[PDB]
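> need the 3D shape of this:
(2 chains)
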Amino acid sequence: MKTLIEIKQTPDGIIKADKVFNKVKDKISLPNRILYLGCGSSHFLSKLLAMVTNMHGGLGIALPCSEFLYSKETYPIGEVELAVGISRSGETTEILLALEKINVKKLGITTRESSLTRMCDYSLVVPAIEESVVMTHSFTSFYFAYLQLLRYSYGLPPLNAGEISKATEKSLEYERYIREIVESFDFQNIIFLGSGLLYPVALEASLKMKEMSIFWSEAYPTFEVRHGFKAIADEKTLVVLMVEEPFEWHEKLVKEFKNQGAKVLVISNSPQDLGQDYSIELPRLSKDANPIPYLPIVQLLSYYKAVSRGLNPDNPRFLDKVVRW
Amino acid sequence: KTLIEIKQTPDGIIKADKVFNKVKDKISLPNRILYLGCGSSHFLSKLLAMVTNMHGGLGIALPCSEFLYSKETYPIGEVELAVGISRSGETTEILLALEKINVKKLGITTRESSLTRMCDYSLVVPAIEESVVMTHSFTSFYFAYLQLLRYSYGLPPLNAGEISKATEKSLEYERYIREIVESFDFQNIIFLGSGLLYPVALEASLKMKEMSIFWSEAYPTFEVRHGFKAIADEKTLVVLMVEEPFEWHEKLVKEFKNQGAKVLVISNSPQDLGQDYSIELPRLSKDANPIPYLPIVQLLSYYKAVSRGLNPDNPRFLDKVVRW
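Numbering: from 1, shown residues only, chains lettered A, B, ... in the order given. The relevant structure is shown in the block below.
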């Protein structure tokens, strides 16, 4: 098994990411208008990067590779000063096809020299090597490397890699707790909730559960879930609410789901009791880096659920490590 | 009431055209527009934003609560018009969102409401619905606004009669759709679409989710190969919606069938991609083309719900209007 080992390499991945950042920081200038392209988990990472770009005063837009390829006219792309292609393998056909249609500067984010790096002007090669078909610590490592570069390019002070790495070590301390939730509550479906930067994390968490456990998992911007989506949550459902600073509406939402019979796990940077059945408190970090510790938590949850179902997260049925056409 | 309301789609198109003509010279839609809505109204907001971009403007859509609590993470920028979409016009979140907006506001709703009272202008399309689940109002709202957008941007008007008749053709598929539900007892479903058909896929999935308390998912057509397809097997129905399919679509259909899933292709093409079920719809102007797809997915969701002994009019746990 490699998936669990790879999730546990998250702390080191942060350090590796910082090293890459420092090597290329004075070689790559990130502009104001940036387009982020990726497929699957890399698309969710693209969404996260676009969001943090907007958070820091820039203009970031993210699109799934195939939507850019065949339906770009329906998206608010506008003028692009830099196109960022994200691919763990650097060999996904769609990203290669997408970038070849772009004429502006191109930056690749991948784990190794590849077809992708060969067609980009420069790349962030973060060696967060993964043998599992399911992406885990590379998501987190890629995010940190680019975030550092973005802050640097925009004239902001650097983040403390050591502190962020330690924060993910704290996330990993919840391994036993997470395993026991999986062993005690045999949920049949699950919903991940998050807002802002935590929304793409919810999307990624849902995909991890989907791929690793061949599972009925959904993800939504925190409060959007009340609009019909919540109809599928009952006593067989685990609702995972991820929130940095909860307020009154969060307590009401937790209670609403419990009233439907569902159990609720709250992953937050707050000690507040919202009425949740399970609680995971993570170290609060700079707003942009704060989502990082959440990733190993949702990855561990998906891994243990997969094992509890006798499934192999390293090679989910029907999936290829690299999607080609 | 849900079925009756779905079948009112043809008349809804006509009602929509009437509203458009009444307000077309009272408000001219600008280049930069922000679209806000919750649930199905968010998916309609995405669709409107997309067609705005398609016609040369700049449209951005965000769920109401994301605008309320996390606007900084979104590429909103300068806004010349804010469009608030709400079937009821009473959703707390949309009202909270618009009260914070100082730029010009346009509401899209079915009736005089709290929403219309806080907007500068409104498209009140009387596609009244008693069902908790939104059906023909989605389609009617879209057409009314599309006409207004085309008009504002200097494009010729769409033929409401032709579009209305196209939805009548969609309704002819009612008993075929019932037969699909009867002949293949699927346990989960995936809706696929690209461009304007992606928000339709999202809406379709929500209809199935609400009406049938069902495991339904939706993705941009080819994005589904990236991990998501792992949950599709012999108990899955995959619904591919595509205007003009090409080689990749045939390969995708074959890919799902190889996993054991059955495939329904809803398209404006006579091409056989290897699908198990086929629904061909009248091809319309690119922007209006998604319209006939809505009654199809609404009917599929309705009949699946009834087959499960559920009441689509009032799904468990849901309120007609989400209030705080």
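
> let's verify residue A:108: helix, strand, or coil?
strand (DSSP: H, G, I helix; E, B strand; the rest coil).

> any idea which helix or strand comes after the helix or strand harbouring residue A:191?
Secondary structure from DSSP states H and E places residue A:191 in strand A:189-194. The C-terminal neighbour of strand A:189-194 among helices and strands, as given by DSSP H and E, is helix A:198-213.

> for that following helix, buried residues please.
By 16 or more other CB atoms under 10 Å in any protein chain shown, the buried positions in helix A:198-213 come out as A:198-213. (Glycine included, C-beta is placed from N, CA and C.)

> where along chain A do the strands fall?
A:33-38, A:59-64, A:82-86, A:106-110, A:122-125, A:189-194, A:216-221, A:237-243, A:263-268, A:278-281 (DSSP state E).

> and the fifth one, what does it pack onto?
The contact analysis (3 or more CB pairs under 8 Å, 6 or more residues apart in numbering or on different chains; DSSP states H and E) places strand A:122-125 against helix A:10-24, strand A:106-110, helix A:115-119, helix A:137-153.

> can you name the residue of the stretch 151-300 of chain A nearest chain B?
Going by CB to the nearest CB, chain B is nearest to residue A:227 of the stretch 151-300 of chain A, at 2.8 Å.

> now check stretch A:72-85, is it near chain B?
Yes: contact of stretch A:72-85 with chain B (CB under 8 Å from any CB of the partner chain) involves A:73-76, A:78.

> sorry, wrong one. I was asking about stretch A:236-256.
Yes: contact of stretch A:236-256 with chain B (CB under 8 Å from any CB) involves A:249, A:252.

> chain center to that stretch: distance?
20 Å (CA atoms, centre = their mean, to the nearest Å).

> from one end of it to the other, what's the distance?
Distance across stretch A:236-256, first residue to last, is 15 Å (CA to CA, to the nearest Å).

> mind listing what's buried along that stretch?
Neighbour-count burial for stretch A:236-256 flags A:236-244, A:246, A:249-251, A:253-254, A:256 (criterion: 16+ other CB under 10 Å).

> which of the residues of stretch A:72-85 next to chain B lies closest to chain B?
residue A:74 (4.0 Å).

> pretty sure the closest one is touching residue B:54, no?
Yes: if you go by CB atoms under 8 Å, residue A:74 and residue B:54 touch, sitting 5.3 Å apart.

> joint contacts of the two?
Jointly contacting residue A:74 and residue B:54 under the rule CB atoms under 8 Å, 6 or more residues apart in numbering or on different chains are B:195-196.

> now the closest residue to chain B within the stretch 1-150 of chain A. Nearest residue, chain neighbours left out?
In the stretch 1-150 of chain A, the residue that lies nearest chain B is residue A:40 (2.9 Å; CB to the nearest CB). Nearest residue to residue A:40 in three dimensions, chain neighbours excluded: residue B:226, at 2.9 Å (CB to CB, 6 or more residues apart in numbering or on different chains).

> mind listing what residue A:170 touches?
A:282-283, A:293.

> which of these has the largest number of neighbours?
Highest neighbour count within the contacts of residue A:170: residue A:293, with 26 neighbours (other CB atoms under 10 Å in any protein chain shown).

> contacting residues around it?
By CB under 8 Å, 6+ apart, residue A:293 lies in contact with A:167-168, A:170-171, A:282-283, A:285.

> need the contact partners of the strand holding residue A:191.
Strand A:189-194 is contacted by residues A:200-203, A:205-206, A:209, A:215-222, A:225, A:229-230, A:232-233, A:236-243, A:253, A:298, B:215 when judged by CB under 8 Å, 6+ apart.

> please compute how far stretch A:44-54 lies from its chain's middle.
10 Å.

> who touches that stretch?
Contacts of stretch A:44-54 (CB under 8 Å, 6+ apart): A:34, A:36-38, A:59-63, A:84, A:86, A:139, A:142-143, A:146-147, A:150, A:196-197, A:199-201, A:203-204, A:207, A:288, A:291, B:72-75.

> switch the cut-off to 7 Å
By CB atoms under 7 Å, 6 or more residues apart in numbering or on different chains, the surrounding residues in contact with stretch A:44-54 are A:34, A:36-38, A:60-62, A:84, A:86, A:139, A:142-143, A:146-147, A:150, A:196-197, A:200, A:203-204, A:207, A:288, B:72-75.

> same question, stretch A:1-15
Here stretch A:1-15 has contacts from A:128, A:130-132, A:134, A:136-137, A:140-141, A:144, A:161, A:164-165, A:168-169, A:172, A:296, A:299-300, A:303, A:313-314, using CB under 7 Å, 6+ apart.

> how's chain A carved up into domains?
Domain assignment of chain A by curated CATH domains yields the ranges A:1-159, A:160-311.

> what about the shortest one, distance to the chain center?
In other words, domain A:160-311. Counting by CA atoms, centre = their mean, domain A:160-311 is centred 13 Å from the centre of its parent chain.

> also the longest one?
Using CA atoms, centre = their mean, the distance from the centre of domain A:1-159 to the centre of the chain it belongs to is 12 Å.

> ends of that domain, what's the gap?
So domain A:1-159: terminal residues 33 Å apart, CA to CA.

> please apply the same query to the shortest one.
Distance between the two ends of domain A:160-311: 37 Å, counting by CA to CA.

> buried subset of the contacts of stretch A:1-15?
Among these, the ones that count as buried by 16+ other CB under 10 Å are A:128, A:130, A:132, A:134, A:136-137, A:140-141, A:144, A:161, A:164-165, A:168-169, A:172, A:296, A:299-300, A:303, A:313-314.
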